[PDB]
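Here is the structure we will look at.
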Amino acid sequence: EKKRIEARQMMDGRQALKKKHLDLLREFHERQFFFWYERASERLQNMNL
Amino acid sequence: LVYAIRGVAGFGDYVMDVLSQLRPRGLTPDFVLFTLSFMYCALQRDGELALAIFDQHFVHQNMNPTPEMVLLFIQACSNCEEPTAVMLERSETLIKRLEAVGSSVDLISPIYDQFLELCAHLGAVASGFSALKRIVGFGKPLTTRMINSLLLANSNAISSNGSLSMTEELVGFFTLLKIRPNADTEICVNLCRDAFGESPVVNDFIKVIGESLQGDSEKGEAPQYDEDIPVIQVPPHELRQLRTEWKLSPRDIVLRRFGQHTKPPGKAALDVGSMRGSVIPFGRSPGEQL
Amino acid sequence: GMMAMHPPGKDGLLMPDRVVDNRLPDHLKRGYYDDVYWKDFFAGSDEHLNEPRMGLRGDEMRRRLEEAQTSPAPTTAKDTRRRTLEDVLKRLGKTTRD
Amino acid sequence: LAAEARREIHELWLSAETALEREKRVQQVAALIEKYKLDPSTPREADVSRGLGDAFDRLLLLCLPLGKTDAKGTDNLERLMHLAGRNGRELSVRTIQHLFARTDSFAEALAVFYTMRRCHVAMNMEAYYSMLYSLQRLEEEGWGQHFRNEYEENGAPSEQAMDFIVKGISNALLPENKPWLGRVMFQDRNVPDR
Amino acid sequence: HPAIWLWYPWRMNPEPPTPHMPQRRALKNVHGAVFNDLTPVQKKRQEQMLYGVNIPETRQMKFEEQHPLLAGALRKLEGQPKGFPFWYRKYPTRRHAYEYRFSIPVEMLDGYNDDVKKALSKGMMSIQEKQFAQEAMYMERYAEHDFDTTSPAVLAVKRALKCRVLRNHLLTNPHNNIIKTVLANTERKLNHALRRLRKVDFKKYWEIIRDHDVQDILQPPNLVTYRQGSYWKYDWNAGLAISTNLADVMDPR
Amino acid sequence: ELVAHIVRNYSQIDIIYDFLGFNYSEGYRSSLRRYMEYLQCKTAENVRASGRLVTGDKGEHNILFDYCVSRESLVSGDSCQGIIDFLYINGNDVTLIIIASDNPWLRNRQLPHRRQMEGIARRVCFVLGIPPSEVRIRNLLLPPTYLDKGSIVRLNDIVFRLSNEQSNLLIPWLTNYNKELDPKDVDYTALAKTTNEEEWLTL
Amino acid sequence: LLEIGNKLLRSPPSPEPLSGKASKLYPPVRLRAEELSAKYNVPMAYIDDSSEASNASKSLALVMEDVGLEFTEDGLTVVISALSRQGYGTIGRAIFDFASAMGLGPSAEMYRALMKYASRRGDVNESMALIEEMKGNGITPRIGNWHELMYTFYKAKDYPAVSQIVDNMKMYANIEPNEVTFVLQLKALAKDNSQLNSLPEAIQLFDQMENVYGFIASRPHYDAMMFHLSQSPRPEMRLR
Amino acid sequence: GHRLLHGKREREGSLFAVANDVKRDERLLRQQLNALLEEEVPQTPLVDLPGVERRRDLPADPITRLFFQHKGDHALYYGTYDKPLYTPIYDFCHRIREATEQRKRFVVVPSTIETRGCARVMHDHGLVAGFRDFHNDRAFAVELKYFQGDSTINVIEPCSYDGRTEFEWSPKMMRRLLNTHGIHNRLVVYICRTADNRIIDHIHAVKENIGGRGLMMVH
């Protein structure tokens, strides 16, 4: 029983770490969108010509 | 059935019984049906029915809410009579879940406007002020209706928190943000004045807003007012169905119409080796040198 | 390593050959061994040798608690209070006018 | 005229560093703007803004702390932000942090945020996150001032005040309970709001 | 006014950058593991799902490195209206913007003509854009978070859409043997995804079945094997035997 | 007769019973709160209590706050660092008393971060008006299912600023309380050592 | 060096600006110093603020320059090693702590210099405590530190521990052994008596070093191998 | 409200960052994310030694404990070697044989429980020089042992000669392996995993009177 409860707790800790790394990935992907916006905004200006 | 009684009162128990009876019939409620139910709740401005529906049917579904559904729920919970703090908690939970999940439509401004109106009715000045950070993060501009809701929250939050400093901080928006005042703004600021006291800045703002309202009345014929947010009453067949089409056929898939191919294994399964003797560990000749 | 294989000592790791109880056969642990290790039991400070360690160790606490219990409490329950409706209103921050 | 404006902006910055009235500094920055014609309608010729350089950001940050309620004291900042947007200059992280350090009230922070939104000013994600952190710190300071006033007028801390002490602000975009946000955005430059 | 009395430049030789080089290289490794180190199909899917994964830190793609003229042109009008995007919070991935071509948010088309709006409207979207719009609608319906593309329901709907596309292709091109084999593989994968979704989350599986009218999509092929209980032994062999939460749906007494 | 004598003489027998770890139903947090408020009232002599907040009558700050129960506050599978059980403000010092959990993977979440401690100290400065120059804050991790003599002594020394002699004068049963930490749980012992051997965080 | 270490131990200096002239222990011969160090990435030992610590650092630098060592990390490592070889472990540790507090980074070489004192005396517990302290200070134990640990166990007459440390260094530490490592292992196997296969192990290890690693045996290798082989009366080993 | 976590990937909380792909490798991404979460205010970094998440997981050997550090969650995703139809033991034996027939110094083999146990047993018996990246949970390097040209390992054969049949060894089988061909056999080593997830050889198996599932033989 002790081993089983330890395994369950380890799974929960893994889920917590997954949430943390998902937050990190969200922050990373927001930054990469900024590159896309700057590149895309300049191109659309040309299309107005 | 739910859409037919949208303009009829005294049918919340019927809606709840229909939702309960959905399960024995082999059917499950979906986002369209929840949207229709919350549309009925917002139209009837009952609030308690919407709260009960969310508490005992929706949370078990564990589905992503839609912006229309969230807006209808918040509209019902705000326009209802005698709102409670559990309604604020549910609205915050729904807003957080909606932000966490994705969306294509944009109802952020009306959703937050109704949330601020709910905070005004409840007295949650802190929640109303904190929703401003969410609005700023979304980049949406503030509205005179939102500021009026903040003023009303300050007026009717005598117990929890709020004072002349809060009144001044709220009233410094119209000058700084260049937002036109309103008759509802004047009423709310007078209510806040009577609730807390007489600050000179508040008095000067009251005088200038009275002069501006008189000038606007002279220019036009009727004083301006904060128009209420319209309630969606569209039929269920044009409620932005989140499914295009699946014209698949299980009979054709099982009968292998169009000639599907699976590339079966060859000699690997068939071969079993020599069965002259018994299968012993390490084989008959463990190890070999060539 | 032998230090890792054998159990540690008092201040940390210790070689098994540094313990007399290990390197000395049991049949030779009588006589001179007892003379050598007598001081490990029967030598020390006067308090260490004469103070009885098998006596009562909670008598001070017990007597403190007994005298505290015998000592009365000047303040008791507010049975002399009016306990009226006006008192309840004052407790709730209310009154007849409210 | 660009060098003259640069040294004039330096002298105005040192004057503002010296103890001066907020209305006085508003008048000084407005007079400088009108005398150098830092107007959006100015053509490419005689555009001191394009050559201001560091003077441009110095004048941008010189007016914010003295916002008060003056219409001129707001529209001078609006004109400066419009000029920045027309010239395409992007505000650095240091510039944003210095601009929001001089901010005193949440109303003024909202005013400057919406003014720069109207003027379409360029910046990076690190600057945006620094602005958000400053905004939430300003809201926290306002709530702390309110609770200090209520505590000093009531004689004892309230349960709500202690709950606020433990929790923080109601809502946040970089909440303290998860001290791993902003690592990607910030290049190990934590904003020390004071 | 402190002054330094001792210093050894050659003994020091210090090169710690104030922008932390370990942080720079960690970000580069993350970007490489997300986009650069992938198969071509995975790179295509990553580009289709995310906004600027192909743009490096230098903001110059390899194609731009090799063909500067074909990548960019000269335009007199400055990007004065284009400042910081204050609406970026609501568009984390491409699936949040499937209304216009190239997944362009609506707010970005403000100071642009109705002709450009019509050119970027839905009618001009390509076949790939329309397929991504469909799968993005389904991901919006059945997503767990903003960057959720591997939910069981999302996998089921994507497998079904792939099967539909392959079958529609075979409707007009009935002599594509490789497409026939791919369709068989996709149907098997869809069956596995649907069985897993049915066992782990029955609500969404039932909703999908009812919505798309494929009631018998999960049926046993052969009576000979079915009557030996090999169709139900799949649930046990797949680790999905005991997962129902009996208390929620029934009375375990 | 013996139980009557015990209840008549040992007024805090239930507190000792819960601290030793005998209470399996509701832990020992309630007894810890009763012990802390008893010490606070014995020190202040003008203690006023209102629900889960106990405050002295101005002067030197003596504030005890029962924030929440960490056992129910902590949720497995989520990411939220820093959940305190008790908050004690004594003078210009703030102490975050946190009871550890039986799950070793949740202690890291339970302990608040340095930024969280700085923010809480800043909030204390904002609300109570304590100058930022002289403000200290620190954590205090307590064993999950009991409360050993060493932990109690550290609590008395750090939180209530009471030396051992006057603590024993105030509390008779303290000197005979001889409960020690469980030798099996080494994760908690190491965490408690590295948490209680750190200096006060200033400002 | 001994008198400087005694002064630094008995009466450690103070990080105050105007304490150098006030203190007779370390007689001399606005902008914050720590802020300047943080801005310009310079150690606090190179800053002259007329402080007591500044005077102590200047005296130490003058003494080391007189000896022939620059006031840097390598010079500090050399002086601490020289002290530790001739006892004076406490004085060496005091100098190490003073350098750490003055900003000259306590590198793994300095930690090895500290470990030399325990290695010469054979204090296994002290060497392990030093390894743990180096790990806790965020510094990876290097091949020299592992060599000093092996020498500590060899001098403490636990010879199989040297081989165990070598195996753990190869497996977990991931440090390729060098000629010094091979010499230490050969000495440990030569003096080892826990297992009967020490001589075959040493011979195979020597062959492995010669062939696989590609090293060339030097005088230490040859002396260790000959000392091991001159212990068995077998004519084959004598011929070897 | 309950979401079932089906599969070891979901139980271990894989991010599934790659779009529409669940079987993609993620260890590098997780390692870089942990490196980002590391702190460069006294901020002591973490050493490169292999670590464990729990203080109780430190080895009981005091010397071995010096090579392990207690890292909370950064201890996961350790290792540099990546994963290099058949059983892991069969693959391990094939790699070892085909590299010792090519006179290589190191062989990268997948690090499973049985594989690392067999590697440790061979190291104890002296058939392997050493190991690299042994704490890695995916693969590790076996350093081959050479003496006077020819390799120490002569014949290495897995128990599952066809790669699809497993065998359970009784204590009688272990004792017969010990006394194979009428002689006491400490020369050829038979390795078996016991019922307690413990990998030993036939000598220890017959000493403690147990058996197990055989893995491979090497001499």
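Chains as they are written, first to last, in the authors' numbering: chain Cd, 99 to 147; chain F7, 389 to 678; chain CE, 312 to 409; chain DO, 62 to 255; chain CO, 70 to 322; chain DI, 205 to 407; chain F2, 95 to 123, 163 to 373; chain CH, 24 to 63, 83 to 126, 148 to 282.
By construction, the Cβ of each residue, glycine as well, lies at the ideal position given by its N, Cα and C atoms.
Exercise for review: May I ask you to list, following chain order, the residues of the region 638 to 652 of chain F7 that have a beta carbon less than 7 angstroms from some beta carbon of chain CO?
Suggested key: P638, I641, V642, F646, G647, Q648, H649, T650 and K651
Check your understanding: Is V269 (chain CH) close to chain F7, meaning its C-beta is less than 9 angstroms from at least one C-beta of that chain?
Key -> For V269 (chain CH), not one C-beta of chain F7 is nearer than 9 angstroms to its own C-beta.
Practice item. Using the Cα positions of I308 (chain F2) and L56 (chain CH), report the straight-line distance between them to the nearest angstrom. Key: 26 angstroms
Practice item. Could you check how far apart the C-beta atoms of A396 (chain DI) and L345 (chain DI) are, in whole angstroms? I think they sit under 8 angstroms. Key: 5 angstroms
Practice item. Give, in chain order, every residue of the region 102 to 114 of chain CH whose Cβ lies closer than 7 angstroms to some Cβ of chain DI. Key: Only those residues of the region 102 to 114 of chain CH whose C-beta falls short of 7 angstroms from the nearest C-beta of chain DI are listed: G114.
**Study point:** Integer-rounded CB distance, given that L235 (chain DO) should sit under 8 angstroms from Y190 (chain DO)
**Key:** 7 angstroms
Exercise for review: Could you check the C-alpha separation between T294 (chain CO) and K302 (chain CO) for me, to the nearest Å?
Suggested key: So the two alpha carbons sit approximately 11 angstroms from each other.
Practice item. Going by CA-CA distance only, name the one from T219 (chain CO), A166 (chain CO) and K249 (chain CO) that's closest to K46 (chain CH). Key: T219 (chain CO)
Review point. Closer than 9 angstroms, Cβ to any Cβ of chain DO: which residues of the region 422 to 456 of chain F7, in chain order?
Key: none
Review point. Mind checking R265 (chain CO): buried by the 16 CB within 10 Å criterion, or exposed?
Key: buried
Exercise for review: Give a yes or no on whether the minimum CB-CB distance between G24 (chain CH) and chain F7 is below 9 angstroms.
Suggested key: So yes, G24 (chain CH) belongs to the interface.
Review point. Do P91 (chain CO) and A117 (chain CH) have their CB atoms nearer than 9 angstroms?
Key: no
Check your understanding: Is the beta carbon of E126 (chain CO) sitting closer than 9 angstroms to the one on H89 (chain CO)?
Key -> Taking 9 angstroms as the cut-off, the Cβ atoms of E126 (chain CO) and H89 (chain CO) do not count as close.
Point to revise | Interface positions of the region 128 to 141 of chain Cd facing chain DO (Cβ-Cβ less than 8 angstroms), listed along the chain | key: Residues passing the 8 angstroms Cβ filter: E128, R129 and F132.
Point to revise | Cβ-based burial, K118 (chain Cd) [other Cβ within 10 Å; buried from 16] | key: With 16 or more Cβ atoms within 10 Å of its Cβ, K118 (chain Cd) is classed as buried.
Exercise for review: Report the three-state DSSP secondary structure of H119 (chain Cd) (helix, strand or coil).
Suggested key: DSSP places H119 (chain Cd) in helix when its eight states are reduced to three.
Exercise for review: Measure how close the beta-carbons of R67 (chain DO) and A145 (chain DO) come, nearest whole angstrom, since I'm counting them as under 8 angstroms.
Suggested key: Actually they do not touch by this definition, with Cβ atoms about 17 angstroms apart.
Practice item. Examine chain CO for any beta-carbon lying closer than 9 angstroms to the beta-carbon of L59 (chain CH), and answer yes or no. Key: Cβ-Cβ to chain CO under 9 angstroms: yes for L59 (chain CH).
Exercise for review: Whole angstroms is fine: what's the gap from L93 (chain DO)'s alpha carbon to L127 (chain DO)'s?
Suggested key: 15 angstroms
Practice item. Flag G308 (chain CO) as yes if its beta-carbon sits less than 9 angstroms from any beta-carbon of chain CH, otherwise no. Key: yes
Practice item. Could you tell me the boundaries of the alpha helix (DSSP H) in which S217 (chain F2) lies? Key: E206 to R218
Check your understanding: Quick one: which chain CH residues come within Cβ less than 7 angstroms of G312 (chain CE)?
Key -> Result: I105.
**Study point:** Option nearest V489 (chain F7) by Cα separation, candidates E505 (chain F7), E557 (chain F7), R631 (chain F7) and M451 (chain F7)
**Key:** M451 (chain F7)
Check your understanding: Between the region 332 to 344 of chain DI and the region 294 to 305 of chain DI, do at least 3 Cβ pairs fall closer than 8 angstroms?
Key -> Segments in contact, yes.
Review point. For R340 (chain DI), which beta-bridge partners are listed by DSSP?
Key: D297 (chain DI) and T406 (chain DI)
Check your understanding: Is DSSP giving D182 (chain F2) helix, strand or coil here?
Key -> coil
Check your understanding: If the cut is a Cβ gap below 9 angstroms, which residues of chain CO does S492 (chain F7) touch?
Key -> What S492 (chain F7) touches in chain CO: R164, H165, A166, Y167, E168, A205, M206 and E209.
**Study point:** CB contact check: residue 64 (chain CH) to chain Cd, cutoff 9 angstroms
**Key:** The structure shown gives no position for residue 64 (chain CH): in chain CH, residue numbering passes from 63 to 83 with nothing in between.
Check your understanding: Quick one: any contact between the region 262 to 279 of chain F2 and the region 216 to 230 of chain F2, if contact means 3 or more CB pairs under 8 angstroms?
Key -> no
Check your understanding: Going along the chain, which residues of its own chain have a beta-carbon closer than 7 angstroms to the beta-carbon of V122 (chain CO), five neighbours each way excluded?
Key -> Answer for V122 (chain CO): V103, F104, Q115 and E116, listed in chain order.
Review point. So, using beta-carbon positions, are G255 (chain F2) and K290 (chain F2) closer together than 9 angstroms?
Key: Taking 9 angstroms as the cut-off, the Cβ atoms of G255 (chain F2) and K290 (chain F2) count as close.
Check your understanding: Do the region 236 to 248 of chain CH and the region 216 to 223 of chain CH make contact, defined as three or more Cβ pairs closer than 8 angstroms?
Key -> Contact fails: fewer than three Cβ-Cβ distances are below 8 angstroms.
Review point. Among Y120 (chain CH), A202 (chain CH), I152 (chain CH) and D264 (chain CH), which residue has its Cα nearest to the Cα of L52 (chain CH)?
Key: Ranking the options by Cα distance to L52 (chain CH), first place goes to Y120 (chain CH).
Review point. Ends of the alpha helix (DSSP H) at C429 (chain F7)?
Key: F419 to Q432
**Study point:** Alpha-carbon spacing of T406 (chain DI) relative to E436 (chain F7), whole angstroms
**Key:** 49 angstroms
Review point. Buried or exposed: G36 (chain CH), going by 16 or more other Cβ atoms within 10 Å of its Cβ?
Key: buried
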